[PDB]
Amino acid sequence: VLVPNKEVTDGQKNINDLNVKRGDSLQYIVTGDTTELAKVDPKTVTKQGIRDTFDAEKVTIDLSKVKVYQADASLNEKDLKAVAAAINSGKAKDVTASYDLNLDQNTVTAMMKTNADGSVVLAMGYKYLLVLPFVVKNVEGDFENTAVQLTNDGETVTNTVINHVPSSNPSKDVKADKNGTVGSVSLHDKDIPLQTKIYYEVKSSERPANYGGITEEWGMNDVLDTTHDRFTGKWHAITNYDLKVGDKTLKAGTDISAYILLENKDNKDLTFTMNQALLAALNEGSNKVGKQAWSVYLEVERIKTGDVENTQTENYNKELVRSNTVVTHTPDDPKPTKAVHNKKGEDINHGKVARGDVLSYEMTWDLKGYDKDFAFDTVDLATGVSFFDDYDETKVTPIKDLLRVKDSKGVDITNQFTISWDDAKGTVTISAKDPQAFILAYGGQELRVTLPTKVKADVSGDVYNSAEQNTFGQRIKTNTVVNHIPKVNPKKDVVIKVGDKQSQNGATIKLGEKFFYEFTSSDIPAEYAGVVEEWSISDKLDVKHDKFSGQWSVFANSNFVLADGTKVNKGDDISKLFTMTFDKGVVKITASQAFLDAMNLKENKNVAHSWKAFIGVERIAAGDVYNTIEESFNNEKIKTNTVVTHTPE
């Protein structure tokens, strides 16, 4: 036979049985020797050509690029470098126009043209090389090629070549960005806080091992939703396999950013392409033994709430393939708030209160944007999940046992936190014991913090509270609330008869003379926002000088109604609404519950309220006699001024 030969080539070497990739531009070369046919009369050669059967499902052949060359029969067609030099030098002569070429589906035929006498027009004694340039489609699996040499009425088959197109697709992921370093956990389908910077990971497909193609271009494109993702300009690229460049091996994982060109259109349409030096290195033989792949990390700031999708499109040899689509979600920032209530549950911001009153601070702890889908890898978990409150320790005292945290269903969950008190600075920090576990079981809702405090005795002025939420370092402050503590000043005086105008403070009281100690209570202001639950005076009498025989009265210093409607006018005797005990030389006069209830009625909040008390005594010995009264309001004691009377001996 004639032994026609068939090879597949990248243009320099035999690439039979090698892996190729979408868009590869390669060649088949079929040689039909006519050396043996040079021995007969050339006029007896009336048919000469090649019928080539290729796989049009997997490769594309442009008939206008098909060529036939007349080579010296000494040329070793197996030496594909020598063939390319021969084609380039002209020692393999282009004779294509002396052939009839046809393409039909899987079939390319090249037959020599014939003279009028029927004999083929080209000389025998030469090797004729049919060159079929082809382009690999974006397909999977094998493709074979075989040919037949046609000589007059006979046919001889060539050897069969084959190439493979292994599967590999581009992909995209989302990674955390800790001060520029890439995290190692995927953030797909997770929740990213506003202003967090994250990495988009755009991963090329893999170039297969034992590569017989040529990487002519390699690029990755990412079009960003610029209303949600702000490209910061910071990016890097790494090689995912060992890559030799010049005299050095760039090991797998090494940065190759310098070899990647960025085309940035308005921070929206970003294209990363390999430069010429890198493409040249990829085409060197040792880099085709193993796989090659690369990935780009591009940094975006999340600037808007919602669901944010990302996709990339990989260009390999002009063949575009889109990756998977990744999504992340961005919630509204937390909106923690602060309020102040009284003991009845009523809101009393800006309200005036008195010693011993309960100021119940109620805060919302807003964890609606932090739940099981949170991107924990974006934060330093050790910074904790906490709530902080800065109260005025010079004016209020927290009831530490009653600090509670409740969830949105009203369930006490205080036991999930450690509570740290800083008494000197007057702050309290509530910290989740197990932050990640806490976000999983209790996140996704608003929590309610209750911080009861009590107004101190003998302080006045404005009382501020503020608070702050700290979620893994995201610090959001609440509003500030304020209460007012008007100064009070209960007084003691001395009068001869109940209702006298002339003070006897500092005056002479004779032996056997009867007189009255007079008391004026603290004022509760108009629109008082607290709740008075106790109101009394204690007068420790100097029993050797002042003799108490049970005489006392209390008078209204304001107009008010009782719960049962009965009116009380300023100056009225209301001793019926008070009680008196005398024990261990102490006169104690105490407001009844009927009087307290009256002081707390909304109907009486239009005016301020106070009362006057009188304690009847007889001076029974000589000397100087001091008197001070202790007034108790909400069980908090303060002292009147100290009065003085003189009984000379």
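Numbering starts at 1 and follows the sequence shown.
Stretches compared: 250-258, 150-158. Higher mean C-alpha B-factor in the entry: 150-158.
Here 517-525 and 71-79 are compared by their mean Cα B-factor, and 71-79 comes out higher. Comparing C-alpha B-factors across 364, 106, 536, 349 in the deposited entry, the largest value falls on 106. The deposited CA B-factor of residue 336 belongs to the middle third of values across its chain. The PDB entry assigns residue 40 a C-alpha temperature factor belonging to the highest third of its chain's modelled residues. In the PDB entry, residue 344 places in the highest third of its chain by CA B-factor. Per the deposited record, the Cα B-factor of residue 643 falls in the lowest third when ranked against the other modelled residues of its chain. Placement of the Cα temperature factor of residue 193 within the chain: middle third of the modelled residues, per the deposited record.
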